[PDB]
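An overview of the molecular structure
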Amino acid sequence: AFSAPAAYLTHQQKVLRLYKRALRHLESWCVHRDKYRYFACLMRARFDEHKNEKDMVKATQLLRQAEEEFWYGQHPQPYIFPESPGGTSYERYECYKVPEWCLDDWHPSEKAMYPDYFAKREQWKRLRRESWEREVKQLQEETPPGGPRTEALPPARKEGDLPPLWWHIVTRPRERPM
Amino acid sequence: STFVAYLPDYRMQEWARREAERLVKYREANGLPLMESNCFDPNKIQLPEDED
Amino acid sequence: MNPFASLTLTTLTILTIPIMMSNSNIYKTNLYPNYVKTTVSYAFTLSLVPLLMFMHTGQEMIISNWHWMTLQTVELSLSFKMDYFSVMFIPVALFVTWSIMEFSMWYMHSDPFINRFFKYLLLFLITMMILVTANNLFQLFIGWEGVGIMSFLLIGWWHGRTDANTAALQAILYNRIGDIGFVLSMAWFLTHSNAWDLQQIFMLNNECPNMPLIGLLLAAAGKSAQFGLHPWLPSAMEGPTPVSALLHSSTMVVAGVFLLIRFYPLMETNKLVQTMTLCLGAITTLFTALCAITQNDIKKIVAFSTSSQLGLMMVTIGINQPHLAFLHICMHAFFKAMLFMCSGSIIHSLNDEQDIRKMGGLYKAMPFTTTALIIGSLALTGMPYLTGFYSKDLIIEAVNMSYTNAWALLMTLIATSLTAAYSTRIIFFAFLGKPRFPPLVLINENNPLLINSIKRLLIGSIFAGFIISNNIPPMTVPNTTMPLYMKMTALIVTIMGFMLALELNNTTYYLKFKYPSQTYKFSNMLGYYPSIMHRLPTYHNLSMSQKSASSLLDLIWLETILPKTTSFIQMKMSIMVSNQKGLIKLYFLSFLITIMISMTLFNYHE
Amino acid sequence: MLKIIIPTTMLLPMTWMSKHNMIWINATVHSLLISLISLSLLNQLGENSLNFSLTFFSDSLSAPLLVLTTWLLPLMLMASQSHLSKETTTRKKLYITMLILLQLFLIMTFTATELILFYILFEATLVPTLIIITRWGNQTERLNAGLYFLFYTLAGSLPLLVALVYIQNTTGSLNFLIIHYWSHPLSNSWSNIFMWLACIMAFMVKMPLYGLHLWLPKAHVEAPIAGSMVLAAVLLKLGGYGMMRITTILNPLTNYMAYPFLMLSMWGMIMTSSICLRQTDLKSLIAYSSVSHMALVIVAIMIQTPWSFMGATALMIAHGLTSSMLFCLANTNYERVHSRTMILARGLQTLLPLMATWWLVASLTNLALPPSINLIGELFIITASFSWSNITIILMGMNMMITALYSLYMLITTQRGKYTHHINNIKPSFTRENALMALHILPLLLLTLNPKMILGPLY
Amino acid sequence: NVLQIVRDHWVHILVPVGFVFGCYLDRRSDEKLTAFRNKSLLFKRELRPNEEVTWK
Amino acid sequence: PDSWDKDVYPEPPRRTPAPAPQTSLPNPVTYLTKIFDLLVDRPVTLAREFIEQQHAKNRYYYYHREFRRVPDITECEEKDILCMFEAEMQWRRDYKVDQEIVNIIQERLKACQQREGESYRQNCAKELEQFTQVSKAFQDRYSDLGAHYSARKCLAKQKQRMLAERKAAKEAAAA
Amino acid sequence: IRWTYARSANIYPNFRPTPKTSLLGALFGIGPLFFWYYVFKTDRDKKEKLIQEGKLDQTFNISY
Ligand SMILES: CCCCCCCCCCCCCCCCCC(=O)OC[C@H](COP(=O)([O-])OCC(O)COP(=O)([O-])OC[C@@H](COC(=O)CCCCCCCCCCCCCCCCC)OC(=O)CCCCCCCCCCCCCCCCC)OC(=O)CCCCCCCCCCCCCCCCC
Ligand SMILES: CCCCCCCCCCCCCCCCC[C@@H](O)O[C@H](CO[C@H](O)CCCCCCCCCCCCCCC)COP(=O)(O)OCC[N+](C)(C)C
Ligand SMILES: CCCCCCCCCCCCCCCCC[C@@H](O)O[C@H](CO[C@H](O)CCCCCCCCCCCCCCC)COP(=O)(O)OCC[N+](C)(C)C
Ligand SMILES: CCCCCCCC/C=C\CCCCCCCC(=O)O[C@H](COC(=O)CCCCCCC/C=C/CCCCCCCC)COP(=O)(O)OCCN
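Basis of the calculations
- Residues numbered from 1 in each chain as written, not as in the entry; some residues may be left out.
- Chains lettered and ligands numbered in written order.
- Part of a larger assembly, values for the part shown.
- Heavy atoms only, no water.
- Residues with missing side-chain atoms left out of burial classes, pairs and counts.
- Helix = DSSP H or I, 4+ residues; strand = E, 2+ residues; numbered from the N terminus.
- Rg over C-alpha atoms; globule rule 2.2 N^0.38 Å.
- Buried < 20%, exposed > 50% of the residue type's maximum accessible area, 1.4 Å probe, protein only.
- Areas by Shrake-Rupley, 256 points an atom, 1.4 Å probe, with all protein chains shown as cover.
- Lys, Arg positive; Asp, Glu negative; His and termini not counted.
- Charge placed at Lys NZ, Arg CZ, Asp CG, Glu CD.
- Axes fitted to C-alpha atoms, helices over the stretch in contact; angles between N-to-C directions.
- Parallel < 35°, antiparallel > 145°, perpendicular 65-115°, else oblique.
- Left-handed = near helix turned anticlockwise from the far one by under 90°.
- Contact = heavy atoms within 4.5 Å.
- Nonpolar A, V, L, I, M, F, W, Y, C, P; charged D, E, K, R; others polar.
- Buried area = accessible area lost by both parts, 1.4 Å probe.
- Salt bridge = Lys/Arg side-chain N within 4 Å of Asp/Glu carboxyl O.
- Polar contact = N/O pair within 3.5 Å; in protein donor to acceptor, adjacent residues only side chain to side chain.
- Near = heavy atom within 4 Å.

Structure determination for this entry is recorded as cryo-EM, at 3.0 Å resolution.

For chain G, the count of helices and strands is two helices and zero strands. The C-alpha atoms of chain G give 23 Å as radius of gyration, which overshoots the globular expectation for 64 residues (11 Å, by more than 25%). With respect to the three principal axes, the spread of C-alpha positions in chain G is 60 × 30 × 10 Å. Per-residue burial for chain G yields a buried fraction of 27% across its 64 residues. Surface accessibility of chain G: about 4,800 Å² in total, with carbon and sulfur atoms responsible for 63%. Charge separation in chain G, taken as the distance between the mean sites of 10 positive and 5 negative side-chain charges, equals 21 Å.

Residues and elements named next belong to chain C. Between helix 1 (residues 3-13) and helix 3 (residues 32-57), whose axes approach to 9 Å, the crossing angle comes to 150°. Classed by the angle they form, the pair helix 1 and helix 3 counts as roughly antiparallel. Here the hand of the crossing between helix 1 and helix 3 comes out left-handed. Contact with helix 1, carried on its side by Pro3, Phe4, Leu7, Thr8, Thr10 and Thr11, involves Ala43, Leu46, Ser47, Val49, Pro50 and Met53 of helix 3 and no other residues of that element. Broken down by class, the residue content of the contact of helix 1 with helix 3 amounts to eight nonpolar, four polar and no charged.

Bringing the interface of chain D and chain G into the picture now. Counting residues at the interface gives 20 residues for chain D and 15 residues for chain G. Taking both partners together, chain D and chain G bury about 1,800 Å²; carbon and sulfur atoms supply 70% of that area. Our count for the chain D to chain G interface comes out at zero salt bridges. On inspection of chain D and its partner chain G, the count reaches six residue pairs in polar contact. Elements represented by at least two residues in the side of chain D that touches chain G include exactly helix 13 (254-277), helix 15 (306-337), helix 18 (373-388) and helix 19 (392-415) of chain D. The biggest single contributor to the side of chain D that touches chain G is helix 13 of chain D, with five residues. Considering only residue class, the side of chain D that touches chain G consists of 12 nonpolar, seven polar and one charged.

Turning our eyes to something else, we now look at the site of ligand 4. The full set of residues close to ligand 4 is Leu562(C), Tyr152(D), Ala155(D), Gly156(D), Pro159(D), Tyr166(D), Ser191(D), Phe194(D), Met195(D), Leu197(D), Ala198(D) and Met201(D). This site is not confined to one chain, since residues near ligand 4 come from chains C and D. Here ligand 4 has 1,100 Å² of accessible area as a free molecule, and 49% of this is covered by the chains. Where the shell around ligand 4 is concerned, the elements lending two or more residues are helix 7 (142-171) and helix 9 (190-206) of chain D. The biggest single contributor to the shell around ligand 4 is helix 9 of chain D, with six residues.

Around ligand 2 there are 15 residues in total, and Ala5(B), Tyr6(B), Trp66(C), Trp71(D) and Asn450(D) lie nearest to it. Near ligand 2, residues from chains B, C and D are present, making the site a shared one. Note that an oxygen atom of ligand 2 is positioned 3.0 Å from one of the side-chain N or O atoms of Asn450(D).

The next thing to look at is the arrangement of the chains. When the 13 pairs of chains in contact are compared, the highest contact count belongs to chains C and D. The least C-alpha distance between chain A and chain E, which are not in contact, is 35 Å. At their nearest point, the C-alpha atoms of chain E and chain G are still 30 Å apart, with no contact between the two.

Taken together, the 49 residues of chain C in the interface contact 51 residues of chain D. The contact between chain C and chain D buries some 4,500 Å² in all, and 72% of this surface belongs to carbon and sulfur atoms. Residue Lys218(D) is joined to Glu559(C) by a salt bridge in which the shortest nitrogen-to-oxygen separation is 3.2 Å. When contributions to the side of chain C that touches chain D are tallied by element, the ones reaching two or more residues are strand 1 (62-71), helix 6 (137-155), helix 7 (162-193) and helix 25 (536-578) of chain C. With 16 residues, helix 7 of chain C is the single largest residue contributor to the side of chain C that touches chain D. For the side of chain C that touches chain D, the residue count by class is 30 nonpolar, 13 polar and six charged.

Take a look at the structure:
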C-alpha cells in the first residue's frame, strides 16, 4: 500500500497476479499440505508450459481463458488472512488509533505527567516546523510545470533535508496503538 | 423532582379507590349487581311519545 | 413471610449493585472484572435457594410490588413471575454468565476497555433477567428491547470496523421486523382482553384467535432467527467471542422460544399457529444445518448449530410440548456456551485465527480443550445419558408419535443427522491430521481462569441433565410404548451421519482435485439468501427513498404546487399590473370605460 | 397565573440593565428560577381545570407544555452564548429580548381561556422567531426560509380567524369552558365542511402535516441553534394543543373529514422516515424526523380516543425534549467543523467519548426505547389506531422499523468508523455543552417514573 | 461599601419582587370571583362559630 | 392483614399440608429457612418494631372526603350553566369510581388465576362471571363516548339504548 | 460541496415538467394515498356494518 500505482498493469504483472490468486484458491481448495504441494507443482508446470510465448495476441488469449477458468473454479469461501481486507480482524484496532495532534489539547495537569515525552514531542515539532519550506521548494523545483504525472515522491537530496511530505507517514499512530 | 414526587393527591385516585371499596362491599352484601347498566334513573327521563 | 419472594427479588437486585459502582473508584481500577464476576457468582449462589424450594414443594409466586400507573380500567404495575420457568432458568443463566465472565477475564485481558466490556455484559444479564421474570407484556417488552440494544452495542464492540457496525445494524433491523409482531400482539391483547399481564390474558382467552398468536410467532421468529429472519445470527459473530458465547448462543437467542413457552396455554387452543410454528422450526433446523456442514469459520459453524437447535426448540413448541422445549433450552445452554469457549480458546491460542483450514493437530497440543470439545460434541449430538440426551432424544421421540406434518418429521430427522455431520466436520478439521498453522507456536492453555471456567460447564454438560430431569415433577404424559426401530431412530440417524461425515472427510486425503458442484455452492453461500435479500430489497428501498420520496415529491412537485405556483402567479400579476407607461391618454380612456361599465352594469339594475 | 407571567416580563429590564459581561448569568439564573416556580402548575385536578381568572386557566394538557416552555429558555441561553461571543452588547441584549418575548407569548398562549386571545398570541409568536431566523442565521438562504416560515403559517391561520369571529356570532362566546359545555353537533353540509377545514388547517400547517411541511426543513436548518430548538421543542406543539382544544366543536363531522388527513399522515410517516435514510445534511435529517414523529400525533388527535390523546401528549413532550437534544448535539459538531454535512466528520467517538455517549442516549430515546416516554406515547397511539383499524399496524410498525434505521445510521456515520485525517481542530468538549446535554436528558429519564404528569386530562 | 454591592446587583431583585407582586395580583383577582363562595350545592356548609369566610 | 377489607378482597381459607417425611436425609430447605429466620427476619422485625414505637409517639389522622349528592344532568335546564357544571363534576366522579370498581374486579380475577394454579379454568368461574357482568355494564355506560366526553353524551347514549329496548319490546309483544 | 449542492439545491432549477416526470409524480404521490384510503374505508365499513347488526364479540373491549 506504500508503492505508487501505475497507469496500467503490464502483461507480466497480470500473469503474476493470476498465478498468485490461483495458487491461493488452490490452497483454499486443497486443505492438506502435501496435496496442495502436488497440485501447486501441477499448476506451476501448467504456467511454465507457455513461459516463452512470443505471440502477444496468443498470450493475451491464453490469459483470458485462464482468467475465465479461474473465475468458474474459484473457491466460494477462500482463505483470508485475519488482517487482510476480508479477514476477521481487518479494521479491529482502528477504534484505538488516536491522531497525535490530540496531544496538543491535553490539560497542563496531564502534560505534567510524561515530561520527557512532551519535551521530545516539542523537539519533533520544532524539527517539523524548521524543514517545511525546504520540502515545499524541493517539490516545486522537481515537479514538471504541467504537474506530477504520478504519485511518487522524491527523496531528500541535500545533507540537512528530510524527504518532502514525511510528517504523516512517519507519525502514524501504530499497528497496535493500545 | 422531590416537590413533584410528593404532590398531594388532588386527582382523587385514593378517594375513588375508597369509594369503590365501599360500593363493592354494599352491593355484594345486599346482593345487588356490582354495576348498573344505566347511569341515570329512567324515571327522570321523558322519552318521546311513541316508537312510531 | 416466606424467604422465597425476598430471595428471588434480591437475586435480581444485587446484580445492579456493580452498575451503580461504575462511577466509583473501582471502575477505574483493574479489579472491576473480578468484582463483577464475584457478584455474578454470589447471585447464582443466592438463586440456588428458590430452585431448591420449588424442587421441594413446587412453590410459585407473583410479586406485584410497584404500581406504575393506571390508564382508566387498566393497571400497570412492576410485577415479577416466579414460576417454574423463571426459577429454573435464572440459576442456569447465572451459572453460564459466571463461567463466561471468568473466561473473558483471560480472553479480553489486553483490551483497553475491559471494564466497559464487563459492565456491558452485566447490563445484558440484567435485561435478560427482566425479560425472563416479567409478568406483564410491557415489562417483557422492556427486557426484549434491552437485550436487543445490548446485543447491538456488543456486536459492534470494535466500532472502528465497518463489518461489525453493519452486523449490529442488521441484527437491529431483523429484530425490529419481529418487534412489529410483538407490538401487534400487545395492541390486540390490550384491545380485546383489557390487560397486558398473563393472568387476565389466560383467563379471558379460552380459544385464542389467530392474530395475537401470529404476532407472537412473528416476534419469536425475529428473536430466535428462524428461516425468514435467520441471517443476523451468523453475522453476529463479528463481536468478541465471549459475546457470541453468552448472548448469541445460549441465553439471548432463546428469548423467542421462551416467549412462546410463556403463552403456551393460548397456543394449546390454536392448531393453525402450532402447524405454522412446527413448519418454521423444521425448515430452520434443516436449512441452518445444511449451511453449517460446509462452513470454514468455526464461529459460523457454532452459530448455525445453535440456530438449528433453536429450530428444533420451535418444532418442539409446535407439537404442544412446551416443557420439553424449556428443558432443551436449559440443557443446550451449558454445552453450547462451553463449545463456544473452547472455540475462543483455540482462536486465542492460534493468534486470532478462526478458519478451520489453518487449524491442524490440536488433539495433543491442547488436551483439555480437545477433551472439552469432544464432550460437548457428544452431548450436542445426543449421546445417551449425557446432558443433551435427556431433552433431544425425548424431543425426537415426541415428534415421532404425534399427529405431525410428515415433511416436518423428515426434515427434523435429516437435521438430526446433519448435526452429527457438522460436529464431525469440526472435530476432524480442528483436532485431527497434521498442523496447518504458522510455525511460530503460541499454543498455551495453562491459565487457571480458562481451565476453571471450561471445567465448570464441563461438569454441567456431564451431570446437569440427569440432575434436573430427576428433580422436576412430570409435566407431560410419557411415551412408554414405542416400536424398537422408532425408539432408536435418533441414535441410528446420528450414527449414520457420523459415518458419512467421517467418510467424506477422509475422502479429502486423496490426491484428487475436482471443481465443486452446484449443491455445494448452494450450501456454502447460505442458499444465496444474504446474497439476494441483503442486496435487492435494500437497493430498491434506498433508491426509492431518494429518487421519488426526496427528489420527485419533496423537492419538486410539492414545491411546484403550493409555493412555486403561487410565486409565479403573483410575479406575473405584478408585472402585468405595474407595466404602465404613465401616459394619461391611456388610463383616462380606461376611466371612460369604467364609467360606462358602472353606469350600465350596476346603475341599470337597482 | 400572573406569578409566572410577571417575572418573565421583569426579565426584560433586568437584561437591559445588566452589565456587559453579566447578561447571560443573570438571565440563566432567573429563567431557571421561573422554571422552578412554573413546576407548581403540575398539581392538577381530576375533574376540572385550574381556572385562575376570567382570562387564564390551566389544564392537565397545558401544564407540561408550560413546564417545558419555561425549562427550554435557560437551555437556549446556554446554547446561544457560544456563537454570539463576538456580537455587540446591544445585539446580545436584543437576542435575549427576542427569546424572552417568545417565552412570554408561549406562556400566555398555552393558558388563554378565550380562543381569540389564544389566536392572537399564537400568531404573535411568529414575529420573534422570524426576526431570530432572518437576523442571526448564518447562510444566505435564511431570508427565503424566513418567508417560507411566514407565509405557510399565515395562509393557514388567516381563515381560522374568519372562522373564530364567525362562531362567536352564532354561539355568542369563544370561552373554552362555555364552548365545551354548550357544544352542539355539526351538520353534514358544505358550509359546515368548510368551517371544519378553516378551524383545522391552521394547526395542520404548524404540525406540519405531510404535504404542507416544506417550510420546516428550511426554517429548522437555516435558523440558529436556539431558533431551531424553540421551533422543534415548543412551536410544533402549538398546532397539537390548538387542535386538541378545537376538536370539541367539530364532532361528528370529524368522522368524515379526517380520512384525507389520516391517509396523508400515515403515508407521510413512511415518506419522511424513508427520506431520513438518504440525507446528506444532519440538521435536515433531524428536521424530517420531527415531521415523521408529528404525523403520529396528528393521527392520534384525529382518531379521537382517550388513549390516543394521552399518547399524543406524551409523544409531544418527549419529541420536544429529544429534538432539542439532537439539535444541540448536531450544533456542537457544527461549531467545530463549520459544516452540516454528516459524512464530513466521522469517528467522533474516539475523540469525544462523553459526547458519543450523549449521542447514543439521544438516538436510543429517539427510536422509542422502553420504558421511555417516547415509547409510551408511541405505543398508546399504536393501540388506539389498532382499535380504530387493525390494518394500521402494517404502517406504524413499518415506520418503527425505519425509525430505528435512520437513527442508528445517524449514530454510526458520525460516531463510528475512523476519524477523517485532515481535520485536526476538534477540541475537547466544554463543560457548557456537556451540562446542556445533561439538562436535556435527565428530565427525560426522570419523567419515566411519573408518566401521569404528562398524560394529559384524559388520565 | 453597601453601594458597591447594591448599585450593580439591584437588577437581581427585579424578578424576585416581580414574583411576589404577581402573587398579590392573583389574590386580588380571587376577590372579584366570590359570587358563589359558600353557595355551591356541593360545598355549602354552616360557618364555624368564629370564621367569616370559607376561603379567601 | 387489617390494612384492607377481606370482604372486598376475599381468598380461600388457605389449606396447607403438614410436613410428612419419608427418607432419613436432612432437608436443606428447612436448614436454609432457619438460617433466613435467624439472620434476616429477626433484624428486620426488630427495626420495624423500633419504627412502630417511634410512630406511636406521634399519632395524627387523615380523613376520607365525603361528597354530597347534587342533581344530575337529567334535572338541569338547557342553558343553565351552574347546575350543568355541578352535574358534570358529579358524573366525572362517578366515572372514576366505576373505573376503580372495574379495577377491583380485575384484581380479584388476576388473584384467582394465579392462586388456583392448574385448576384456574374451573375454580374461577365466579370471578369470570363477575368480571363479565361488570364489563358489560361499563361498556353499556361509557364505551364509544370518545374524547371530549360529557354527561350529556352519556345521557344521549342511554336515551338511544332505551329507545332501542322499547322498540324491541314492542316488536316482541306483537308475536 | 458540489455533491451536496447537486443533491439538495440544484434539483429544482434543473426540473422540467415532462410526461414522464408528471406521470411518475402523479403515481408515486397520489396512488398510495387513494389505495390506503380504499383499504381503510373498506375495512371500517365492514366493521361498522358488523357492529350495526351486533355480531362482533366486543366483550371485554373496555379500553379504546
Ligand atoms: C435410516 C433409514 C434412512 C436411510 C436413507 C438412505 C441412506 C442415506 C441416503 C444418502 C443421502 C445423501 C448422502 C450423501 C451426502 C452427500 C455428500 C456428497 O458428496 O454429495 C456430492 C455433491 C457435493 O459434493 P462436492 O461438491 O463434489 O464436494 C466439494 C468438496 O468436497 C468440498 O469439501 P468440504 O470439506 O467443503 O465438504 C463439503 C460437505 C458436503 O457438501 C455439501 O453440502 C453437499 C451435501 C448435501 C447434503 C444434503 C443431505 C440432505 C439434503 C436435504 C434437502 C431437502 C430437499 C432440498 C431440495 C431442494 C430442491 C431445489 O461435506 C461434508 O461436510 C459432509 C457431508 C454430509 C454427510 C452427512 C449427511 C447425512 C444426512 C443426509 C442423509 C440422510 C440420513 C438420515 C435420514 C433419515 C430419515 C428417515 O452433492 C450432490 O451431488 C448430492 C447432494 C444430495 C442432495 C442433492 C439432490 C440433487 C439436487 C438437484 C435435484 C433436481 C432439482 C430439479 C429442480 C426441482 C425444483 C422443484
Ligand atoms: C453517573 C452514575 C450513574 C449510575 C449510579 C446512579 C446511582 C443510583 C441513582 C439512580 C436511582 C434509580 C431509580 C429507581 C427508582 C426509585 C425512585 C422512585 O421511587 O421515585 C419515583 C418518584 O419520582 C417522581 O415521581 C418523578 C420526578 C419528577 C420529574 C420532573 C423533572 C424535574 C423538572 C425539570 C423540568 C423539565 C421539563 C419537564 C416537562 C414536563 C416514584 O414515584 P411515586 O410512585 O410517585 O412515589 C411513591 C411515593 N410517594 C408518592 C409518596 C412520593
Ligand atoms: C398536500 C396536502 C394539502 C391538504 C389536503 C386537504 C384535503 C382537503 C379535502 C377535503 C375532504 C372532504 C371535502 C368534502 C367531503 C366529500 C368530498 C366529495 O368527494 O364527496 C362527495 C361530494 O360529491 C361530489 O364529489 C362533490 C365534490 C366535487 C367538486 C369538488 C372538487 C374535488 C377535486 C379535488 C381538489 C383537490 C383538493 C385540494 C385543493 C388544493 C360525496 O357525495 P355527496 O353525497 O353528493 O356529498 C356529501 C356532502 N354534503 C353532505 C355536503 C352534500
Ligand atoms: C398553506 C395552505 C393552507 C390552506 C388554508 C386555506 C384553507 C381553508 C378552507 C377555506 C376557508 C374558508 C372558510 C371561511 C370560514 C367558514 C365559516 C362558515 O361557516 O361560513 C360558511 C360559508 O362558507 C364559505 O363561504 C367558504 C367558501 C370558500 C370561499 C373561499 C374559497 C377558498 C378555497 C376553498 C377550497 C380550498 C380548501 C382546501 C385548501 C387546500 C390547500 C392545500 C357558512 O356561512 P353562511 O353564509 O352563513 O351559510 C349558512 C347560511 N346559509
